[PDB]
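Engineer: Enclosed is the structure file structure.txt (compact mmCIF, N, CA, C and O atoms).
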```txt
# COMPACT_ATOMS: atom_id res chain seq x y z
N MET A 1 -27.14 19.99 -4.67
CA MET A 1 -25.99 20.54 -5.37
C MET A 1 -24.82 19.57 -5.31
O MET A 1 -24.63 18.87 -4.31
N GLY A 2 -24.05 19.52 -6.39
CA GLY A 2 -22.92 18.62 -6.47
C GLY A 2 -21.77 19.27 -7.22
O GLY A 2 -21.92 20.30 -7.88
N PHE A 3 -20.60 18.64 -7.10
CA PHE A 3 -19.40 19.11 -7.76
C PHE A 3 -18.78 17.96 -8.55
O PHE A 3 -19.03 16.79 -8.28
N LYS A 4 -17.98 18.32 -9.55
CA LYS A 4 -17.34 17.33 -10.40
C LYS A 4 -16.10 17.95 -11.03
O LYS A 4 -16.12 19.12 -11.43
N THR A 5 -15.03 17.16 -11.12
CA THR A 5 -13.80 17.61 -11.76
C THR A 5 -12.99 16.39 -12.18
O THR A 5 -13.14 15.30 -11.63
N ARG A 6 -12.12 16.60 -13.17
CA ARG A 6 -11.31 15.53 -13.74
C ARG A 6 -9.86 15.99 -13.79
O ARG A 6 -9.55 17.00 -14.42
N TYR A 7 -8.97 15.25 -13.12
CA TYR A 7 -7.56 15.60 -13.08
C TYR A 7 -6.67 14.55 -13.73
O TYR A 7 -6.00 14.86 -14.73
N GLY A 8 -6.66 13.32 -13.24
CA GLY A 8 -5.73 12.33 -13.74
C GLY A 8 -4.29 12.58 -13.32
O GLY A 8 -3.87 13.73 -13.18
N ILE A 9 -3.52 11.51 -13.14
CA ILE A 9 -2.10 11.59 -12.82
C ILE A 9 -1.34 10.64 -13.73
O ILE A 9 -1.93 9.82 -14.44
N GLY A 10 -0.02 10.76 -13.70
CA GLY A 10 0.81 9.92 -14.54
C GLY A 10 2.20 9.76 -13.97
O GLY A 10 2.74 10.67 -13.33
N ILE A 11 2.79 8.59 -14.21
CA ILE A 11 4.16 8.30 -13.82
C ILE A 11 5.09 9.09 -14.73
O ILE A 11 4.65 9.64 -15.75
N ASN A 12 6.36 9.16 -14.37
CA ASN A 12 7.32 9.86 -15.21
C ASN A 12 8.11 8.87 -16.05
O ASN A 12 8.34 7.73 -15.62
N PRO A 13 8.53 9.25 -17.26
CA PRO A 13 9.44 8.38 -18.02
C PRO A 13 10.74 8.17 -17.25
O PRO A 13 11.17 9.02 -16.47
N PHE A 14 11.35 7.01 -17.47
CA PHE A 14 12.57 6.60 -16.79
C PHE A 14 12.36 6.42 -15.29
O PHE A 14 13.33 6.42 -14.53
N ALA A 15 11.11 6.28 -14.85
CA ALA A 15 10.84 6.15 -13.42
C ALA A 15 11.47 4.89 -12.85
O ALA A 15 12.18 4.94 -11.84
N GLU A 16 11.22 3.75 -13.49
CA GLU A 16 11.78 2.50 -12.99
C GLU A 16 13.30 2.51 -13.07
O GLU A 16 13.97 2.07 -12.13
N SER A 17 13.85 2.99 -14.18
CA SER A 17 15.28 3.20 -14.38
C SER A 17 16.10 1.93 -14.22
O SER A 17 17.34 1.99 -14.21
N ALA A 18 15.46 0.77 -14.09
CA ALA A 18 16.16 -0.50 -14.00
C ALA A 18 16.15 -1.26 -15.31
O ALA A 18 16.99 -2.15 -15.51
N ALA A 19 15.22 -0.94 -16.21
CA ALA A 19 15.15 -1.54 -17.53
C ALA A 19 15.60 -0.53 -18.58
O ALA A 19 15.43 0.68 -18.42
N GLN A 20 16.18 -1.04 -19.67
CA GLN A 20 16.75 -0.20 -20.71
C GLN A 20 15.76 0.15 -21.81
O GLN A 20 16.10 0.92 -22.71
N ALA A 21 14.54 -0.39 -21.77
CA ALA A 21 13.61 -0.16 -22.85
C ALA A 21 12.17 -0.32 -22.40
O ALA A 21 11.89 -1.18 -21.54
N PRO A 22 11.24 0.46 -22.95
CA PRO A 22 9.82 0.26 -22.63
C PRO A 22 9.32 -1.08 -23.14
O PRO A 22 9.89 -1.69 -24.05
N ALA A 23 8.24 -1.54 -22.52
CA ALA A 23 7.76 -2.90 -22.77
C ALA A 23 7.18 -3.05 -24.17
O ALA A 23 7.52 -3.99 -24.90
N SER A 24 6.29 -2.14 -24.58
CA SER A 24 5.50 -2.35 -25.78
C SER A 24 5.40 -1.08 -26.62
O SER A 24 4.30 -0.67 -27.01
N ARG A 25 6.53 -0.43 -26.88
CA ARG A 25 6.59 0.73 -27.77
C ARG A 25 5.73 1.87 -27.24
O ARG A 25 6.25 2.91 -26.83
N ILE A 26 4.42 1.67 -27.24
CA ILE A 26 3.47 2.62 -26.66
C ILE A 26 2.89 1.97 -25.41
O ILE A 26 2.26 0.91 -25.48
N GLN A 27 3.11 2.60 -24.26
CA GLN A 27 2.65 2.06 -22.99
C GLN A 27 2.00 3.17 -22.18
O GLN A 27 2.29 4.36 -22.36
N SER A 28 1.11 2.76 -21.28
CA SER A 28 0.43 3.71 -20.41
C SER A 28 1.42 4.38 -19.47
O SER A 28 2.32 3.73 -18.93
N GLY A 29 1.26 5.68 -19.29
CA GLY A 29 2.12 6.43 -18.40
C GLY A 29 1.50 6.64 -17.04
O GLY A 29 1.91 7.53 -16.29
N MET A 30 0.50 5.83 -16.71
CA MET A 30 -0.23 5.97 -15.47
C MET A 30 0.21 4.93 -14.45
O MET A 30 0.44 3.77 -14.80
N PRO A 31 0.35 5.32 -13.18
CA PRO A 31 0.87 4.39 -12.17
C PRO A 31 -0.04 3.19 -11.98
O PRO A 31 -1.26 3.26 -12.15
N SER A 32 0.58 2.06 -11.64
CA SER A 32 -0.14 0.82 -11.41
C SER A 32 0.76 -0.13 -10.62
O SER A 32 1.89 0.22 -10.27
N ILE A 33 0.25 -1.33 -10.36
CA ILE A 33 0.98 -2.30 -9.54
C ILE A 33 2.29 -2.68 -10.20
O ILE A 33 3.35 -2.70 -9.56
N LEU A 34 2.25 -2.98 -11.49
CA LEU A 34 3.39 -3.54 -12.19
C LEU A 34 4.35 -2.49 -12.72
O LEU A 34 5.35 -2.84 -13.35
N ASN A 35 4.08 -1.21 -12.48
CA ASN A 35 4.92 -0.15 -13.03
C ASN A 35 5.33 0.91 -12.02
O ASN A 35 6.31 1.62 -12.27
N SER A 36 4.65 1.04 -10.88
CA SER A 36 4.94 2.15 -9.98
C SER A 36 5.04 1.70 -8.52
O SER A 36 5.58 2.44 -7.69
N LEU A 37 4.53 0.52 -8.20
CA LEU A 37 4.50 0.06 -6.82
C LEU A 37 5.92 -0.22 -6.34
O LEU A 37 6.53 -1.22 -6.72
N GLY A 38 6.45 0.67 -5.50
CA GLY A 38 7.74 0.45 -4.87
C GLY A 38 8.87 0.20 -5.83
O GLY A 38 9.83 -0.49 -5.49
N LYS A 39 8.79 0.75 -7.05
CA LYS A 39 9.85 0.59 -8.02
C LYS A 39 10.41 1.91 -8.52
O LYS A 39 11.41 1.89 -9.25
N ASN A 40 9.82 3.03 -8.14
CA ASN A 40 10.34 4.31 -8.59
C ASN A 40 11.70 4.58 -7.95
O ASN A 40 12.00 4.12 -6.85
N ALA A 41 12.52 5.34 -8.66
CA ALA A 41 13.85 5.69 -8.20
C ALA A 41 13.96 7.13 -7.72
O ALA A 41 15.02 7.52 -7.22
N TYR A 42 12.90 7.92 -7.85
CA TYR A 42 12.94 9.31 -7.40
C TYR A 42 12.67 9.47 -5.91
O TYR A 42 12.86 10.57 -5.39
N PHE A 43 12.23 8.42 -5.22
CA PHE A 43 11.81 8.54 -3.83
C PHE A 43 12.20 7.30 -3.05
O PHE A 43 12.00 6.18 -3.51
N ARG A 44 12.74 7.51 -1.85
CA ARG A 44 13.04 6.44 -0.91
C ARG A 44 12.49 6.81 0.46
O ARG A 44 12.67 7.95 0.91
N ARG A 45 11.83 5.86 1.11
CA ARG A 45 11.23 6.10 2.41
C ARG A 45 11.76 5.08 3.41
O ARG A 45 11.88 3.89 3.10
N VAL A 46 12.10 5.55 4.61
CA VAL A 46 12.63 4.71 5.67
C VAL A 46 11.84 4.99 6.94
O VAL A 46 11.68 6.15 7.33
N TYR A 47 11.35 3.93 7.58
CA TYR A 47 10.70 4.07 8.87
C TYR A 47 11.73 4.40 9.94
O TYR A 47 12.91 4.05 9.83
N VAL A 48 11.27 5.08 10.99
CA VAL A 48 12.10 5.39 12.14
C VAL A 48 11.38 4.87 13.37
O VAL A 48 10.29 5.35 13.71
N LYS A 49 11.98 3.89 14.05
CA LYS A 49 11.44 3.36 15.29
C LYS A 49 12.49 3.49 16.39
O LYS A 49 13.68 3.21 16.16
N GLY A 50 12.06 3.91 17.57
CA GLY A 50 12.97 4.13 18.67
C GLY A 50 12.76 5.48 19.33
O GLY A 50 12.98 5.64 20.53
N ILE A 51 12.34 6.47 18.54
CA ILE A 51 12.06 7.79 19.09
C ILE A 51 10.62 7.83 19.59
O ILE A 51 9.84 6.92 19.31
N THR B 1 -8.65 -12.93 6.93
CA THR B 1 -8.98 -12.51 5.57
C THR B 1 -7.72 -12.61 4.71
O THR B 1 -6.69 -12.02 5.05
N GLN B 2 -7.81 -13.36 3.62
CA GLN B 2 -6.65 -13.67 2.80
C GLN B 2 -6.49 -12.62 1.72
O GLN B 2 -7.40 -12.42 0.89
N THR B 3 -5.35 -11.94 1.71
CA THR B 3 -5.09 -10.91 0.72
C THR B 3 -4.87 -11.52 -0.66
O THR B 3 -4.47 -12.67 -0.79
N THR B 4 -5.17 -10.73 -1.68
CA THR B 4 -4.91 -11.10 -3.07
C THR B 4 -4.26 -9.92 -3.77
O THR B 4 -4.70 -8.78 -3.60
N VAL B 5 -3.22 -10.19 -4.55
CA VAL B 5 -2.43 -9.12 -5.15
C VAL B 5 -3.30 -8.28 -6.07
O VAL B 5 -4.22 -8.79 -6.74
N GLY B 6 -3.04 -6.98 -6.10
CA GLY B 6 -3.76 -6.06 -6.94
C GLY B 6 -5.08 -5.57 -6.38
O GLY B 6 -5.65 -4.61 -6.92
N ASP B 7 -5.58 -6.19 -5.32
CA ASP B 7 -6.85 -5.79 -4.74
C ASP B 7 -6.66 -4.61 -3.79
O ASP B 7 -5.54 -4.22 -3.45
N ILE B 8 -7.78 -4.04 -3.36
CA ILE B 8 -7.80 -2.85 -2.52
C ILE B 8 -8.54 -3.18 -1.23
O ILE B 8 -9.62 -3.77 -1.27
N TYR B 9 -7.95 -2.80 -0.10
CA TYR B 9 -8.58 -2.95 1.20
C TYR B 9 -8.56 -1.61 1.92
O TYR B 9 -7.71 -0.76 1.66
N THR B 10 -9.51 -1.43 2.82
CA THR B 10 -9.65 -0.20 3.57
C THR B 10 -9.69 -0.51 5.06
O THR B 10 -10.19 -1.55 5.48
N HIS B 11 -9.15 0.41 5.86
CA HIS B 11 -9.12 0.23 7.30
C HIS B 11 -9.08 1.59 7.98
O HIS B 11 -8.73 2.60 7.37
N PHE B 12 -9.45 1.59 9.26
CA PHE B 12 -9.51 2.79 10.07
C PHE B 12 -8.68 2.57 11.33
O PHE B 12 -8.96 1.64 12.09
N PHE B 13 -7.68 3.41 11.54
CA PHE B 13 -6.80 3.26 12.69
C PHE B 13 -7.32 4.08 13.86
O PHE B 13 -7.75 5.23 13.70
N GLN B 14 -7.25 3.49 15.06
CA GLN B 14 -7.80 4.13 16.24
C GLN B 14 -7.08 5.42 16.61
O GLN B 14 -7.68 6.28 17.27
N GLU B 15 -5.82 5.58 16.22
CA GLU B 15 -5.04 6.74 16.63
C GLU B 15 -4.67 7.68 15.49
O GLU B 15 -4.21 8.80 15.78
N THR B 16 -4.84 7.29 14.24
CA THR B 16 -4.44 8.13 13.12
C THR B 16 -5.51 8.33 12.06
O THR B 16 -5.37 9.23 11.23
N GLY B 17 -6.57 7.52 12.04
CA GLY B 17 -7.64 7.73 11.09
C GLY B 17 -7.87 6.57 10.16
O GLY B 17 -7.46 5.44 10.44
N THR B 18 -8.54 6.83 9.04
CA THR B 18 -8.84 5.80 8.05
C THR B 18 -7.90 5.93 6.85
O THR B 18 -7.41 7.02 6.53
N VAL B 19 -7.66 4.80 6.19
CA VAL B 19 -6.75 4.76 5.06
C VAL B 19 -7.08 3.52 4.24
O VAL B 19 -7.60 2.53 4.76
N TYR B 20 -6.78 3.59 2.94
CA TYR B 20 -7.04 2.50 2.01
C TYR B 20 -5.73 1.86 1.61
O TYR B 20 -4.78 2.55 1.23
N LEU B 21 -5.67 0.53 1.68
CA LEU B 21 -4.44 -0.21 1.44
C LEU B 21 -4.62 -1.18 0.28
O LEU B 21 -5.64 -1.88 0.20
N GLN B 22 -3.64 -1.22 -0.61
CA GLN B 22 -3.63 -2.13 -1.75
C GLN B 22 -2.58 -3.20 -1.51
O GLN B 22 -1.39 -2.89 -1.37
N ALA B 23 -3.01 -4.46 -1.46
CA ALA B 23 -2.09 -5.55 -1.23
C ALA B 23 -1.18 -5.76 -2.43
O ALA B 23 -1.61 -5.65 -3.58
N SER B 24 0.10 -6.05 -2.16
CA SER B 24 1.06 -6.37 -3.20
C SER B 24 1.51 -7.82 -3.18
O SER B 24 1.97 -8.32 -4.20
N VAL B 25 1.42 -8.49 -2.03
CA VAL B 25 1.77 -9.90 -1.90
C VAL B 25 0.70 -10.57 -1.06
O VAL B 25 0.27 -10.04 -0.03
N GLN B 26 0.25 -11.75 -1.51
CA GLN B 26 -0.76 -12.49 -0.77
C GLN B 26 -0.24 -12.87 0.61
O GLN B 26 0.90 -13.34 0.75
N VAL B 27 -1.07 -12.66 1.63
CA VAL B 27 -0.70 -12.94 3.01
C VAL B 27 -1.97 -13.02 3.84
O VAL B 27 -3.01 -12.49 3.45
N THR B 28 -1.89 -13.69 4.98
CA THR B 28 -2.99 -13.76 5.93
C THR B 28 -2.87 -12.59 6.89
O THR B 28 -1.80 -12.34 7.45
N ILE B 29 -3.98 -11.87 7.08
CA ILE B 29 -3.93 -10.58 7.77
C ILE B 29 -3.65 -10.77 9.26
O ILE B 29 -2.86 -10.01 9.85
N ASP B 30 -4.27 -11.77 9.88
CA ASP B 30 -4.38 -11.79 11.33
C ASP B 30 -3.03 -11.72 12.03
O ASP B 30 -2.70 -10.68 12.62
N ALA B 31 -2.25 -12.79 12.00
CA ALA B 31 -0.81 -12.70 12.20
C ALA B 31 -0.12 -13.86 11.49
O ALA B 31 1.11 -14.00 11.56
N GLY B 32 -0.90 -14.68 10.80
CA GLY B 32 -0.47 -16.00 10.40
C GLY B 32 -0.77 -17.03 11.47
O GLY B 32 -1.72 -17.81 11.33
N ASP B 33 0.02 -17.04 12.55
CA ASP B 33 -0.31 -17.86 13.71
C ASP B 33 0.09 -17.17 15.01
O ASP B 33 0.45 -17.83 15.99
N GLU B 34 0.03 -15.84 15.04
CA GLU B 34 0.54 -15.07 16.16
C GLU B 34 -0.52 -14.11 16.70
O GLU B 34 -1.70 -14.24 16.35
N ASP B 35 -0.11 -13.19 17.57
CA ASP B 35 -0.99 -12.17 18.17
C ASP B 35 -1.98 -12.81 19.15
O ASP B 35 -3.17 -12.52 19.13
N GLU B 36 -1.46 -13.67 20.02
CA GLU B 36 -2.25 -14.24 21.11
C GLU B 36 -1.32 -14.54 22.27
O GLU B 36 -0.11 -14.66 22.11
N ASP B 37 -1.92 -14.65 23.46
CA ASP B 37 -1.23 -15.07 24.68
C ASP B 37 -0.14 -14.09 25.09
O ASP B 37 -0.27 -13.39 26.10
N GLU B 38 0.95 -14.03 24.32
CA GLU B 38 2.13 -13.26 24.70
C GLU B 38 1.93 -11.75 24.63
O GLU B 38 2.80 -11.02 25.12
N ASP B 39 0.84 -11.25 24.06
CA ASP B 39 0.67 -9.81 23.92
C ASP B 39 0.35 -9.15 25.25
O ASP B 39 1.16 -8.40 25.78
N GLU B 40 -0.82 -9.46 25.82
CA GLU B 40 -1.26 -8.93 27.11
C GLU B 40 -1.13 -7.40 27.15
O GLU B 40 -0.65 -6.82 28.13
N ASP B 41 -1.55 -6.75 26.06
CA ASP B 41 -1.28 -5.33 25.90
C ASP B 41 -2.58 -4.55 25.94
O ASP B 41 -2.75 -3.68 26.80
N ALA B 42 -3.54 -4.83 25.06
CA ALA B 42 -4.67 -3.93 24.86
C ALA B 42 -5.85 -4.68 24.26
O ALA B 42 -5.92 -5.91 24.23
N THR B 43 -6.82 -3.91 23.76
CA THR B 43 -8.07 -4.47 23.27
C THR B 43 -7.87 -5.19 21.94
O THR B 43 -6.77 -5.21 21.38
N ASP B 44 -8.96 -5.79 21.44
CA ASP B 44 -8.91 -6.50 20.17
C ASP B 44 -8.55 -5.57 19.02
O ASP B 44 -7.68 -5.89 18.19
N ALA B 45 -9.20 -4.41 18.96
CA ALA B 45 -8.96 -3.48 17.86
C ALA B 45 -7.52 -2.98 17.87
O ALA B 45 -6.87 -2.89 16.82
N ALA B 46 -7.00 -2.64 19.05
CA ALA B 46 -5.62 -2.17 19.14
C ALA B 46 -4.63 -3.25 18.74
O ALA B 46 -3.51 -2.94 18.32
N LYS B 47 -5.02 -4.52 18.87
CA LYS B 47 -4.14 -5.60 18.44
C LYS B 47 -4.10 -5.72 16.92
O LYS B 47 -3.04 -5.94 16.34
N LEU B 48 -5.26 -5.57 16.27
CA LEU B 48 -5.30 -5.64 14.82
C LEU B 48 -4.54 -4.49 14.18
O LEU B 48 -3.84 -4.68 13.18
N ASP B 49 -4.68 -3.28 14.74
CA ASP B 49 -4.01 -2.12 14.16
C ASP B 49 -2.50 -2.27 14.21
O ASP B 49 -1.79 -1.88 13.28
N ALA B 50 -1.98 -2.83 15.31
CA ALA B 50 -0.54 -3.03 15.42
C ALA B 50 -0.02 -3.97 14.35
O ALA B 50 1.00 -3.71 13.71
N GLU B 51 -0.73 -5.08 14.12
CA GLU B 51 -0.29 -6.04 13.11
C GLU B 51 -0.33 -5.44 11.71
O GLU B 51 0.59 -5.64 10.92
```
Can the structure in the file be given as structure tokens, please?

Structural biologist:
Amino acid sequence: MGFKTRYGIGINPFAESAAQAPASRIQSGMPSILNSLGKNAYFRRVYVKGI
Amino acid sequence: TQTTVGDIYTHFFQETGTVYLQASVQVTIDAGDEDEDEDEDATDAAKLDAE
């Protein structure tokens, strides 16, 4: 017996928020190295060392 | 092991479990030229996990 399902995820528009225009009119909305890696503006993470 | 951008690597931590890591900048994993002599802390595996 096996299971199977399909979900998919996607980045949000204006995620990078550092550029004023999309690259190629129609672009993939799925996260990747050049579009989502440590460039989103909705989330910031800080390590805590000392405790 | 020399990292290459965009590639995927996997590892298992002795205290927290396994996790998959995607390199963003090319780098030498070991320490470059460190993680010897001055450590005097723990086993080989515990040294790699710290780095």

Engineer: Which of chain B end up as strand (DSSP E or B) when DSSP is run on this backbone - answer as a list in words?

Structural biologist: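 Strand (DSSP E or B) members of chain B, listed: residues 2, 8, 9, 10, 11, 12, 13, 17, 18, 19, 20, 21, 22 and 28 of chain B.
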
Engineer: Between atom CA of residue B:28 and atom C of residue A:34, what is the spacing in Å?

Structural biologist: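 We find that atom C of residue A:34 and atom CA of residue B:28 lie 23.0 Å from each other.
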
Engineer: Work out how far apart atom CA of residue B:51 and atom O of residue B:39 are and give it in Å to one decimal.

Structural biologist: 13.0 Å

Engineer: As an exercise, work out the distance from atom CA of residue A:38 to atom CA of residue B:24 in Å and give it to one decimal place.

Structural biologist: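 Those two atoms sit 9.7 Å apart.
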
Engineer: Residues of chain A no more than 9 Å from chain B, counting only C-alpha atoms: send them over as an mmCIF file with N, CA, C and O atoms, in the frame of the given file.

Structural biologist:
```cif
data_model
loop_
_atom_site.group_PDB
_atom_site.id
_atom_site.type_symbol
_atom_site.label_atom_id
_atom_site.label_comp_id
_atom_site.auth_asym_id
_atom_site.auth_seq_id
_atom_site.Cartn_x
_atom_site.Cartn_y
_atom_site.Cartn_z
ATOM 1 N N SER A 32 0.580 2.060 -11.640
ATOM 2 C CA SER A 32 -0.140 0.820 -11.410
ATOM 3 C C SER A 32 0.760 -0.130 -10.620
ATOM 4 O O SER A 32 1.890 0.220 -10.270
ATOM 5 N N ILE A 33 0.250 -1.330 -10.360
ATOM 6 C CA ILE A 33 0.980 -2.300 -9.540
ATOM 7 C C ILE A 33 2.290 -2.680 -10.200
ATOM 8 O O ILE A 33 3.350 -2.700 -9.560
ATOM 9 N N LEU A 37 4.530 0.520 -8.200
ATOM 10 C CA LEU A 37 4.500 0.060 -6.820
ATOM 11 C C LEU A 37 5.920 -0.220 -6.340
ATOM 12 O O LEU A 37 6.530 -1.220 -6.720
#
```

Engineer: Edge lengths and centre in Å to one decimal, as lines of an AutoDock Vina configuration file, is what I'm after for the box along x, y and z that holds all listed atoms of stretch 44-49 of chain A once 4 Å is added on each side.

Structural biologist:
```
center_x = 12.0
center_y = 5.6
center_z = 7.3
size_x = 11.4
size_y = 12.7
size_z = 26.2
```

Engineer: Give me, as a PyMOL selection string, the residues of chain B that a backbone DSSP run labels alpha helix (DSSP H).

Structural biologist: chain B and resi 44-50

Engineer: With only C-alpha atoms as the atoms that count, which of B:14, B:4, B:26, B:9 lies nearest to residue B:44?

Structural biologist: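 Closest to residue B:44 of all the choices is B:14.
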